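> Pasting an experimental structure, sequence included:
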Amino acid sequence: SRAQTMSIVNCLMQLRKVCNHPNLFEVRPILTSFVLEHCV
Amino acid sequence: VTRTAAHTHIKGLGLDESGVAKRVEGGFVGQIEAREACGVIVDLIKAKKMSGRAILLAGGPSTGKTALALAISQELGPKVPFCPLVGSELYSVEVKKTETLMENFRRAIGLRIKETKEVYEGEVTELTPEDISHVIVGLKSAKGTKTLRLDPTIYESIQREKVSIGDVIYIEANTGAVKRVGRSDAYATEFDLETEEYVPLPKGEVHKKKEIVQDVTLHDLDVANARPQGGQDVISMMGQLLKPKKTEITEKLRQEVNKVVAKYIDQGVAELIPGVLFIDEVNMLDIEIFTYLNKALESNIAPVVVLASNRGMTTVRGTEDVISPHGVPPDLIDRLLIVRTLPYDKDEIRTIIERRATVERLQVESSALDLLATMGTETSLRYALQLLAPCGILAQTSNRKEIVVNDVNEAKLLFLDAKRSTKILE
Amino acid sequence: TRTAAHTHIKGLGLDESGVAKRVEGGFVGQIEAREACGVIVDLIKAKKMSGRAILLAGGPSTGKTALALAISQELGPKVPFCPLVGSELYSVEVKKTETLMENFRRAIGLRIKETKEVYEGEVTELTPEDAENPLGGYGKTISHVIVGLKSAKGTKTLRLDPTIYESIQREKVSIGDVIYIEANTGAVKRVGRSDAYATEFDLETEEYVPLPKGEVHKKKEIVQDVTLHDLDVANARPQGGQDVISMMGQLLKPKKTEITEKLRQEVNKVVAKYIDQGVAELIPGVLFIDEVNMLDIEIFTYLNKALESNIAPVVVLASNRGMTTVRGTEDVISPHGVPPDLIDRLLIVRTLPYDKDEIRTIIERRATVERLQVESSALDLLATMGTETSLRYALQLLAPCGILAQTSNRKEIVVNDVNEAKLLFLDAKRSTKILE
Amino acid sequence: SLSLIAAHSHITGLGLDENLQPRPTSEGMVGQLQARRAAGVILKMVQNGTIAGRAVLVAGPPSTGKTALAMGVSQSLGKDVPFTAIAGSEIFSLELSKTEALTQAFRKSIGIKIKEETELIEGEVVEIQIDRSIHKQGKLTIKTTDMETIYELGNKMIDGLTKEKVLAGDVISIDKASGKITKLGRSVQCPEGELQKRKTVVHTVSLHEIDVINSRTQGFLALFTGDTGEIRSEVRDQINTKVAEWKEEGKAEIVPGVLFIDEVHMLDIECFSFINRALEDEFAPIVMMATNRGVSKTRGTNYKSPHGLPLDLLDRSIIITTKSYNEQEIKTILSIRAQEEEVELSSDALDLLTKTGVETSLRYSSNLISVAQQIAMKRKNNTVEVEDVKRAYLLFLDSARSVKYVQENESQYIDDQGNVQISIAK
Amino acid sequence: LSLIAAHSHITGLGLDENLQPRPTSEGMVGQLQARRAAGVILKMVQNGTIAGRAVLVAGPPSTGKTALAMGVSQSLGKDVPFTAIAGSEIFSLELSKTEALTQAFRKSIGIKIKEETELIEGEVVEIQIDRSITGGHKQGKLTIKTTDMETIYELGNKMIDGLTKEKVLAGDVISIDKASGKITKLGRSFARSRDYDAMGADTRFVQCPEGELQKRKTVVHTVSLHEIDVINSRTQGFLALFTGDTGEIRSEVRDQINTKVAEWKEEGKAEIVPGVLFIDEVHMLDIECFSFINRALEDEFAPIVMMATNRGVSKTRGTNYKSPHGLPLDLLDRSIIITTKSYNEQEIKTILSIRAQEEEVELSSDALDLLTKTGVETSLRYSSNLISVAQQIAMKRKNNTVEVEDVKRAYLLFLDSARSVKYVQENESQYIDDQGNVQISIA
DNA sequence: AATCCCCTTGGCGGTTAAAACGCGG
Ligand SMILES: Nc1ncnc2c1ncn2[C@@H]1O[C@H](COP(=O)(O)OP(=O)(O)OP(O)(O)=S)[C@@H](O)[C@H]1O
Ligand SMILES: Nc1ncnc2c1ncn2[C@@H]1O[C@H](COP(=O)(O)OP(=O)(O)O)[C@@H](O)[C@H]1O
Ligand SMILES: Nc1ncnc2c1ncn2[C@@H]1O[C@H](COP(=O)(O)OP(=O)(O)O)[C@@H](O)[C@H]1O
Ligand SMILES: Nc1ncnc2c1ncn2[C@@H]1O[C@H](COP(=O)(O)OP(=O)(O)O)[C@@H](O)[C@H]1O
Ligand SMILES: [Mg+2]
Ligand SMILES: [Mg+2]
Ligand SMILES: [Mg+2]
Ligand SMILES: [Mg+2]
């Protein structure tokens, strides 16, 4: 959808990266607790 | 594939841009005025300006109050915090009813914050204690190596994780959490049989930094500042196994937490998302809960509490001579705006039954559906709604897909209504 | 200074022969009640009888609490006096009976004296010595340690046990630090650094303290007044121990527990032994329970047993209601809301209502103690108002009258100020009328 | 202190002149001339501090300004003076006796100011030189706007700086006595003068805070966790006698405050019996009690009472009575509320709101402003006109209309006997 | 571990392929309408699509409502959770009524996570562990054989420690889990070379395993939703799974668990198997419990609740008004009621015969007829209880069959409710009355 | 006014030419 309208070849490479694996863009997060700077 | 519940067909209020409600949209049929009022309330919540506003969804049984509340939640979206509740849930045994009500108040107020996470990961190449002493660890990765100095708590975490040279770890600097993810691939063939589960050597640099946005509630901050909550150290274990039960959080902690949140918002690192607290069957509350709810609504940081009741001219629980419009004492009623919910005629009952059948993947013949609608009119709408599944089961047992009149009659003869059972008792 | 409701009450105001003056000690009238309270005060000072009980019976605003506080003032601050109200017995941690018993033993004071010898000063030397022969001891084979302490009057060289040396090492004491050794227990405390070495470093975190006065070796006699309940609490929840379990227990909340009769018996045994040896002396105090009406029948029944004990203070009770059904009972109408069996163990001291002259004198004294000037006409108006509605209404209306007079920059309260105060602040009867 | 809009945000004071005469409309308060005059008398008594153990009852019909009066008193009293506001339903706890809860509330409203004189050096660090044993030799240099000198460290200061790991070029603060180090960013800000300054820090605490601090080994956490427990009376006596001694010495001053119980008609007879005696003793704050019921049965008793309170307590209190508003005062209160809520009402809209509030309730008309604003925004209109308020009236019901609807359709609601006719037919 | 109990004689609902109740099958007799309705509810549970339905079983005492519930549970079988609770169980001291009901509701939803594990199985040939005295280095190799293959594995430290702990020898057939690391001793292959101690304790030989030495197997972990909630509530919640003292789990934990389990289902990691919650004598529950049940049935993760009641019109607990079934109209509106009827003489006779078969009591025809007449006259449960006592009386007589005289003796020795009431009314002075008066003396 | 050379860009893989380098003496 973004490539339908930028350059086209970089979008084709990104599409190939999609076809390879989604982790090439962003890995699923390692969830961890929020840390407060200092207690009351 | 999918499961069906009481309000699975309710996808929203079905209100257009101008605010007028279509007759049948979002799974709703009729109830136009209540849908419009709830849309106005949703707009008020989205404004994020007022605090402590309260409304009452007043109507008879099987009229569409809980459905309206769930529709408000759907319209607002998953970003905002919507806390469902029942009047019977506030009668705790660990802490008093007031504390539970306040905790639910602060659970319905949302906060979205930005935090930078410092993360280290790599294959261990050295474990040298500095001498309870600091440990000097050397982490190697595919792009570089790094040597770090860790506090004694992290040393205790590493010690209890059985981390040796050649192990791959994951130290989160902000929280001090150490996870042994496995043994390095370079040592996979060292032995032909051992319990070790091997992992590849991490890619990228050892020191990684990412910015994540996480949604928390004020109750989460209160619990964090009140009692210890996590950790891999024995000190944390003893701290949390000591004083395990809930405690009556004081106003001072809430005020300090509010100051902290104000500082966070002022710095721009956080944004506030006030939400909704839904208390269904409000008539179960005692007079003390209502009395404290009067004071709690006057707080400058409070959610838009929505209340639902199906009682009229009923006496208030706890009191012995106070007759109230809906079981709610007049002091709280003056703080509320009442949205009246109206019964359903035959045509709307028929359409509701049709849509419920469509949702549960059932096929109902027009004559059978008319009989089901007329028996729902005669006895109850919910009774007609629950008869659909037995009818479908009976039809399937006869190798027939669509529901017929005979299956409905058989289901009626098998399962009875309240009036019929009472008549049998007589 | 702050002016409470009973600040003007300084004493019972009696003569040497026991007769009560008409106006003395802040009291106005109440001659018979004051004389009875004086006899009771003499009985308390006698320190011979246990479990004696009196009940102050009278109407609201008559002076029951005033008489109780006068008794407390007359006895002095060296004799226990534990105030209470009937509602405070209903705890949520332990049974009401245990709370009543704890209050009973909180009013039997004990004066225990102990002679203590302390070595204090600034450390000048620390020369540990080993045994003359290596075979003499085990391992380190550490013999005595020699420490030199300096005081304002000179120096002394002490010879200490190796245990004291271990304590010195634990407290991290170096040369020049002011220390404190108790020969009674062998405990070493680090007071701080001497002011002599204050300017050794221009930036250092050390609590610099002056050199101790007097000799290095000072023997002092320490006297403390402790209740028996203090000993019971000390035994029930001792503070000793440095284990992990000990510290974890220290962090836990101190919930009240039903201290067994065995612990009380053992405490009484040790206290009796010390009283026989002359180390300690017994001071029976007074227990005051205001609003006795709020006690349950179970509390009264347990009081029957408590008052028969060998160690029991003089319980003084106040009740402001008559012919009232006892709480916790359906049918037992009782004289003062107090069960008949407890009444049979009591001596009732009746207190009588006031007339206009007494109310006027009370308002005068209250205005004087409040640092307020009141005109005679406004004072007569206040007296008429008080005899019309209540004494406490006037006594509490005095202060807003003073504030109103100050807002007009007037040194004294005028009748107009009292009238404006009446208009601004209502009373119970007028509030009932306006709400009807 | 960032927070949303409450129902008492506009009341910024009691609106009195020098002679304690309240103005018609000032500091957000309208009308209630005698009530505000009496409240000013109470405020002057609180500020004087020479009067202890006074109870004032704020009685009157609902929606008259009792809580507004208390809020105005609190704001005019300002900070640096305790003001504890607890609802009468907060006393009933499963961990604290009602007498203990009332005692803790009483102690919370008496403040103690303790001055601590600390010697702290503040400046911009330049160089730090630490060497091994030759126990430790160290020199630090602190630069300010007009001095630059080196300091010869000792053992403990070196250990503390190593523990903090202070860098160079960052503003640092070191305390000579305590030894605490407070870090600050690089010099927006800059050192302003001499290296070592003499500034006193004042700590404001309450008697309850001291009691809880001395209650356990680490009792000051209970001020936030709320697990204080029933403190021993000997501890409180110790605190009281030490406060008397400190005041005599002049090293600490007492700031008496105000305790506000919003819903005293919920406390039982034991609580009132306790209050009667707790008022008499010294260190007793000024107790403000708000009640509305004319004559009711005191909780825990089977007899009526002139305000729901026993006659013994009413004898000890002075009563401030509030009177119902009229049309003009309703109009100006609604104007103030609309200005606070950032809503631009028209003249005819304000008149309609005023007539609705006079006919039904002030709170109902106050709540309709925001709903009317949201209705107008759906029409893309800035000012709220009459038709928006009329639509808000139609969509949201008040107490009287809801009662009328319930009475005219009593069959479709659940009654006190538990009967309802869910079936729309028959 | 079980004994002959009241409902031990029923193994299911006894239905055909078209849900038509058989006259007598799987232990149940009669109740054709009730059994057909129970079968419909059974199919509804087995479908797994309909959520949060409520069903009520009403009827006179001894009409088989608890028997119907046990039949439904038996037809469900294992792998489908069934939580049988009483109305008295909710009222706890450490948890609230709403919390106890929440835990009971979540106990009926099961989560299954299937995992594939690699297992090494074979008969040991040689084990050799070399360890240095006063040294931490250990080196070992083993030879594990199968009928078609044999191989040698050189072992890491943890495997050496595990095998040393398990006391593995040559004549041992053992299994090794490469992931968990546990060693299970399945049996022995031959004797231990005739040493003195343990001479003949290994006679029970086991056959050598056959096939690939390292084979993959699947393991299914079934855990209820409540167990997951308790595990994730606190760090010590795992102990709370056995000890109790779970506390009141915060709502955020339950919401997060719901979201995570929904994600697991959408990912195929976990399979959700909803079950049935059964409340005995629901009339003991408070009105607050009924309100919470009303709301909690609308959740998507809710089971199917079935309740038993026989009170007719009665006062709902917590309120002062009578209700049609001891339940408020709000709960009756959202529940389908299945009814039970009194039993004929023939149905009673065949139930008695079924019970006699289950209790292994051989009744003569005349004895069975007398028992049936007694049961019709007095109670079904009375005759059911009399069967075993009659068997014991017959054994005392040294007879292998129960005759009419044994039943007569059992009837004489043990009384029914009516006879006891009559004897009390005739001799009222010998019993303590409601006013607390009784005559102890006989003169 | 319709058509050629280079552009135009991610991630790849070669592949020399300085950077920065112990050490030998
Ligand atoms: N107007 C409507 N359109 C579509 N579905 C509706 C409508 N009103 C009710 N329902 C559905 O019918 C059922 C009625 O239940 P509710 O909406 O909760 O009624 P209720 O007012 O909550 O009754 P109570 O007070 O909970 S007993 C639910 O499954 C609703 O989703
Ligand atoms: N004899 C007296 N002389 C002076 N003041 C008195 C006397 N008796 C009572 N008072 C005053 O009247 C007030 C009511 O006294 P108190 O004993 O508290 O009431 P009650 O007797 O109802 O308990 C007190 O403030 C006290 O100062
Ligand atoms: N004198 C006043 N001046 C300004 N606003 C008032 C006044 N009295 C009442 N209000 C407004 O009316 C609303 C309700 O008053 P409230 O404090 O609830 O009185 P009560 O507690 O007696 O019902 C408050 O939001 C307040 O802003
Ligand atoms: N339809 C039936 N088929 C077989 N046995 C039955 C049937 N109904 C009742 N019973 C037997 O009779 C007894 C009745 O017990 P129960 O079902 O608890 O009675 P209730 O229905 O009053 O709860 C049970 O022991 C059961 O084995
Ligand atoms: Mg509902
Ligand atoms: Mg008194
Ligand atoms: Mg109010
Ligand atoms: Mg049963």
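Cool, got the structure. Numbering: from 1, shown residues only, chains lettered A, B, ... in the order given. Ligands and ions are numbered 1, 2, ... in the order given.

> what's the distance between residue D:294 and DNA strand F?
For residue D:294, the distance to DNA strand F equals 78 Å [Cβ to the nearest atom of the strand, to the nearest Å]. Every residue, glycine included, has its C-beta placed from N, CA and C.

> Equivalent analysis for residue B:157, please.
Counting by Cβ to the nearest atom of the strand - residue B:157 and DNA strand F are separated by 34 Å.

> Does the residue lying closest to residue D:402 once chain neighbours are set aside have any beta-bridge partners, and if so which?
Among residues not flanking residue D:402 along the chain, residue B:338 sits closest, at 4.7 Å (Cβ to Cβ, 6 or more residues apart in numbering or on different chains). Under DSSP bridges, the beta-bridge partners of residue B:338 are residue B:56, residue D:397.

> Check the spacing between residue B:338 and ligand 3 real quick.
Distance, residue B:338 to ligand 3, using Cβ to the nearest ligand atom, to the nearest Å: 18 Å.

> repeat for residue A:11
Relative to ligand 3, and taking Cβ to the nearest ligand atom, residue A:11 is found at 58 Å.

> Residue A:3 is in contact with that residue, correct?
Yes: judged on Cβ atoms under 8 Å, residue A:11 makes contact with residue A:3 at a distance of 3.5 Å.

> So for stretch D:284-304, what gets flagged as buried?
D:284-294, D:296-299 (16 or more other Cβ atoms under 10 Å in any protein chain shown).

> Tell me if the helix or strand harbouring residue D:402 is near ligand 3.
Element membership for residue D:402, per DSSP states H and E: helix D:399-408. No: judged by Cβ under 6 Å from any ligand atom, helix D:399-408 and ligand 3 are separated, with a smallest distance of 13.7 Å.

> how far out from the middle of the chain is that helix?
The chain centroid and the centroid of helix D:399-408 are separated by 37 Å under Cα atoms, centre = their mean, to the nearest Å.

> if we can go back for a sec, of the buried residues of stretch D:284-304, which is the nearest to chain A?
residue D:285 (24.8 Å; Cβ to the nearest Cβ).

> Leaving out sequence neighbours, find the closest residue to the closest one.
residue D:109 (3.9 Å).

> could you list every residue that touches that neighbour?
D:82-84, D:206, D:256-259, D:285 (Cβ atoms under 8 Å, 6 or more residues apart in numbering or on different chains).

> can you map out the helices along chain A?
Secondary structure of chain A by DSSP state H: the helices cover A:9-20.

> in it, what residue is nearest chain D?
Closest to chain D within chain A is residue A:40: 6.0 Å, counting by Cβ to the nearest Cβ.

> need the contact list for the residue lying closest to that residue once chain neighbours are set aside.
What sits nearest to residue A:40 in space, not counting adjacent residues and going by Cβ to Cβ, 6+ apart, is residue B:256, at 3.6 Å. For residue B:256, the contact set (Cβ under 8 Å, 6+ apart) comprises A:40, B:225, D:224.

> Go through the residues you listed and single out the one with the most neighbours.
Within the contacts of residue B:256, neighbour counts (other Cβ atoms under 10 Å in any protein chain shown) peak at residue D:224, which reaches 22 neighbours.

> Apart from its neighbours in sequence, what residue is nearest it?
residue B:253 (4.0 Å).

> With only the CA atoms kept, save the helix or strand the one you found falls within in CSV.
Using DSSP H and E, residue B:253 falls within helix B:251-266. Extracted C-alpha coordinates of helix B:251-266, given in CSV (Å, rounded to 0.1, in the frame of the first residue of the first chain):
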residue,chain,number,x,y,z
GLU,B,251,-4.0,9.0,51.1
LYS,B,252,-0.4,10.1,51.4
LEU,B,253,0.8,7.4,49.0
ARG,B,254,-1.9,8.3,46.5
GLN,B,255,-1.0,12.0,46.8
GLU,B,256,2.7,11.3,46.3
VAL,B,257,1.9,9.1,43.3
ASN,B,258,-0.2,11.9,41.9
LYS,B,259,2.7,14.3,42.3
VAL,B,260,5.0,11.8,40.5
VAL,B,261,2.5,11.4,37.6
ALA,B,262,2.2,15.2,37.3
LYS,B,263,6.0,15.5,37.1
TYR,B,264,6.0,12.8,34.4
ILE,B,265,3.3,14.5,32.4
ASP,B,266,5.0,17.9,32.7
